[PDB]
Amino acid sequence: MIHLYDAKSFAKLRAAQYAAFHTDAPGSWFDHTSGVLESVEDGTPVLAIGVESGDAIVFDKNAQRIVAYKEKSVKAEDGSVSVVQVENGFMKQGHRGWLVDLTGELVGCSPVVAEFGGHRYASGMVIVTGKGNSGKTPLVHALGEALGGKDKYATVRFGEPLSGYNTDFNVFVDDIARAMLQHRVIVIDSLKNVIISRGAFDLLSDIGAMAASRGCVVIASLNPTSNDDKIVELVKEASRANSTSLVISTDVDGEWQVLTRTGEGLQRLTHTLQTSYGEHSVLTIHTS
């Protein structure tokens, strides 16, 4: 919705956004929105995501696709009316993104998803990219495990010439929808065949906000298919713009730089990761 502010309510918002990253218990926002989703009436659409054509598919709170849903309207505090209809497996009335309100007045946050090695990490979309042919896949998995902490992370596989990899964009969006509905830490390998269809452009435009709203983290690899030239800089720019955090390779073997947007209008933080390989190319992120 739209929100109205004066100096006082704006200062309160910024303090709450700051708290959502710096002082809330890690993963608290994810559990909060899990509760919101569990409260949703049975059969109710909760999430719509674009398929390759630019039509949207719609899911309920248990990550089941909805194929038929009679028109239903809802009136927000704003005065804005949301209408949702599903017919023949596709959204006929509605919008892409969350179809129920997960955030309320608390918008523009990068809710803390996990804390690891003395650093807090934001929910939202994390693009792992930069110069190089190689090394992003082990990093996304190492980050997945580390941010998962006590919990397993979910892996979405797409568009690589390896066994068992889905290459159909419409199964990809089904996987991502389910992942965000059910898991706090999600890895996508990779965004190669994403980066262009209407659905693919919808995904890059939508996924960060969807994830940040849920309080889950989506950790996605992106190789520059192009040279190690300076189309690299173009890829970093596009990635930075459409992600909540950016992780980029560096000059130095095994080192990565993490750039975090801590919230709307808030400080952007940077820190470095040092990593090393063990057996079978399993990567460890050093902390101590």
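Don't overthink the numbering: it's just position in the shown sequence, from 1.
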Residues of the deposited chain absent from the coordinates between residue 195 and residue 196 total 10 or more
Of 215 to 223 vs 54 to 62, the stretch with the larger average CA B-factor in the entry is 54 to 62
Higher avg CA temperature factor (85 to 93 vs 165 to 173, as deposited) belongs to 85 to 93
Highest CA B factor of 112, 185, 128, 200, as deposited, is found at 200
Entry record, C-alpha B-factors for 122, 74, 107, 143; the maximum is at 74
Chain thirds by Cα B factor, record data; residue 43 belongs to the highest
In terms of its chain's C-alpha B-factors, the third that includes residue 255 is the middle
Tertile call for residue 132 (CA temperature factor, within chain, third-based) is the highest
Among the modelled residues of its chain, the C-alpha B-factor of residue 190 falls in the third labelled middle
For residue 148, the third of its chain by CA B-factor is the lowest
